[PDB]
């Protein structure tokens, strides 16, 4: 019993775009851009749509980089998060009532103000590795258990 989500990292040679969510799940943390996939929509089309809605950017080709399943103890639905990256975008990042985007140099990624799982798989993303992960959370701050392995096919 899992629900489809997307997560998009705009990763350029020397910087990455992250967004500070202002409300809802994950508010107060920097993260990639994404959300729920809709009925009749491909996962990739959902990732492109969510990047636009949350950051104002238009992406062409998205590259599959990973899949991460999240379990929150006490919540029945698993989150099946399909992770994508791109280096080629159009537009300028847009701050909205819901999201504040900001560019980060790769040596200054704000892991202490990100979801704790990101410290595990961002190093793989940065070295262009693909991965499958599973994270079991207690609340939003504590990883009880996890698995993470590199793969050749997402």
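Positions refer to the first chain, counted from 1.
Checked against the record, the higher mean CA B factor of 125-133 and 52-60 lies with 52-60. Relative to one another, 103-111 and 33-41 have unequal mean CA B-factors, and 103-111 is the one with the higher figure. Highest C-alpha temperature factor among 69, 27, 85, 47 per the entry: 27. Ranked within its chain, residue 1 lands in the highest third, by CA B factor from the PDB record. Per the deposited record, the Cα B-factor of residue 97 falls in the highest third when ranked against the other modelled residues of its chain.
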